[PDB]
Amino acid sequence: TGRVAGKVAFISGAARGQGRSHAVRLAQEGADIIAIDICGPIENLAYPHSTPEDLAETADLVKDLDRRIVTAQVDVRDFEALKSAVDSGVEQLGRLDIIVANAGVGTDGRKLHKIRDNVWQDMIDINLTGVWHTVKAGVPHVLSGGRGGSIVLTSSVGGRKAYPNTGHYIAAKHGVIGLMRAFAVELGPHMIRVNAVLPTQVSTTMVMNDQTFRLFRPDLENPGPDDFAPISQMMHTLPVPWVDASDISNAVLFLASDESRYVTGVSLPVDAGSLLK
């Protein structure tokens, strides 16, 4: 009945936001879940970090749908710990079909020639190398199951075009597109699809925070979401200021399900027409 009935999905960054939304949506449609998140502070994070209670709440939501979920608190930069958590989760759930490499950060925001080395490096470590780590940890289990699979990497509008003062994020998200194409070419012969979703602004903590509001409305002292919306909406072709996590989850579900069985190598924007500008 469900669009991914009988499948198992591994989701990074599942404590909250889009990753929690992917976990719930795929569980609604029949999938059991391996959910990991760092659940702690991140250097120079421009907004509140996630907590262990966040990930436990994702787990309760999935359990409420009478689906199984394995959670682990792990940093995608630690490959050996990430591999260990994935291995244990697949040992419990019995298979791995879907990988959603969703964990990521937004930090800092300077001119690209002024970004500091460690701020550049943390961005590359999480948003590019951490994506590679995530796919690398899960893919041996998709291969050994021998049933094909579907892998979704979260890039960004910033993986195809640049906005000022985000250049380390831009470079990482472009590199995610290259990871999607490389994995797609290499895993295609095993009927494993690899695609990317490219969101515009999404109404998560990564956007709905004081730092982001102030960068978009420097004219203001205490800018709020109402003041940020008109600027953000000017980036879009549809008259909306941002999309929701459920919009990204619906794209991930399409890509994860048999309804896209022959779709691979695709950059799918969920961007309200940002990339038409």
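From 1 onward, residues are counted along the sequence shown.
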- Mean CA B-factor: is it higher for 57 to 65 or for 212 to 220? 212 to 220
- Mean C-alpha B-factor comparison - 2 to 10 and 267 to 275, higher one: 2 to 10
- Which listed residue, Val240, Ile34, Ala27, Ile42, has the largest C-alpha temperature factor in the record? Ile42
- Message: Looking at the C-alpha B-factor values in the deposited entry, which of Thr166, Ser155, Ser84, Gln201 comes out highest?
- Response: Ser84
- Grab the CA temperature factor for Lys136 from the record and place it in the lowest, middle or highest third of its chain. middle
- Task: Consider only the C-alpha atoms of the modelled residues in this chain, order them by B-factor as the entry records it, and name the third containing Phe79: lowest, middle or highest.
- Result: highest
- Item | Among modelled residues of the same chain, the CA temperature factor third for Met206 | highest
- Task: Place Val105 in the lowest, middle or highest third of its chain's C-alpha B-factors, as listed in the PDB entry.
- Result: middle
- Against its chain's modelled residues, does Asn195's Cα B factor rank lowest, middle or highest third? lowest
